[PDB]
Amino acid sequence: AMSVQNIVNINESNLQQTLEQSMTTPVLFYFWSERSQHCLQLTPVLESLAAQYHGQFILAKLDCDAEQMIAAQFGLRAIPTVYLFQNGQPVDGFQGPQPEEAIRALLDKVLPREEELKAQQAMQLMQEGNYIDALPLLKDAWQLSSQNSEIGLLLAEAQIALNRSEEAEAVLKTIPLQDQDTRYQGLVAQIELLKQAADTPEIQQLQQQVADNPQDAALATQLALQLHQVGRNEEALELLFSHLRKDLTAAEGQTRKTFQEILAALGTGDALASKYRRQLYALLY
């Protein structure tokens, strides 16, 4: 049934739909009467909570004078009654006037928390491969949830698809041992595979040659270039930046040129690049 600000008036034409809606979205049934002075207080309050809650619950007004038989079916003892429905089943409710505060308390006890809504917005974005916009929702939701496991797993999954394996690892190390179940174990395996896939023969050999020659700018620069080949961009940038802090001519300007090519490749939309651009500017000028 179509709502206007998430209010529908119940009659025999829409009872069954609304009861069915209740399986997915909680429904606040409000048994009311034009003749009830108490309904005159309650009505305005319930309608504006129906506005302020943006579809998180539907208000189902049942006029008990116009719809006497539908009302007898619910088993009313007084008008007004307000009953929260979920799964076609009454959950909680009350009878008589109530301040806004008791109503919210009844509503918020059942409605999804901010972090759950955020997690669901993020899951949709991830559905649309928009991992990049899912990330801030998941960080937000994860903090709000006090770093709960379920959200944790989603946050790690997002960081992995974004090639932020280090960040994902840091999240997963957070998870209680008892929650290290199937999904978690798949994530840990992905990470190991990702790491292995980025640990190239050429990188391994250049690595050791810089471990033992921690001053050859040209060696560090070819390495940085290999790291870039496989998306290890942060390591490649920090290492090129280490040597630029010492000499801007490093390895005869190849350090600076490689540094700026990587930044070019990462584009304007990269937090990582944008960080390093500003450090570069401050260092050069």
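Each residue number is its position in the shown sequence, starting from 1.
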*asked:* Quick check: 129-137 versus 154-162, which has the larger average CA B-factor in the record?
replied: 129-137
_Mean temperature factor over C-alpha atoms, higher-scoring stretch between 75-83 and 210-218_ = 210-218
*From the list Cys39, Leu248, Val230, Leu46, select the residue with the highest C-alpha B factor recorded in the entry.*
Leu248
*Which one of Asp179, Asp108, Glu169, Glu192 shows the biggest C-alpha B-factor in the PDB entry?*
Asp108
*Within this chain's modelled residues, let me know which third the CA B factor of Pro201 belongs to: lowest, middle or highest.*
middle
*Consider only the C-alpha atoms of the modelled residues in this chain, order them by B-factor as the entry records it, and name the third containing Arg113: lowest, middle or highest.*
highest
*Lowest, middle or highest third of the chain for the C-alpha temperature factor of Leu244?*
highest
*asked:* Ranking the modelled residues of this chain by C-alpha B-factor as given in the entry, is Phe29 in the lowest, middle or highest third?
replied: lowest
_Using only modelled residues of the chain, where does the Cα B factor of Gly96 rank: lowest third, middle third or highest third?_
middle
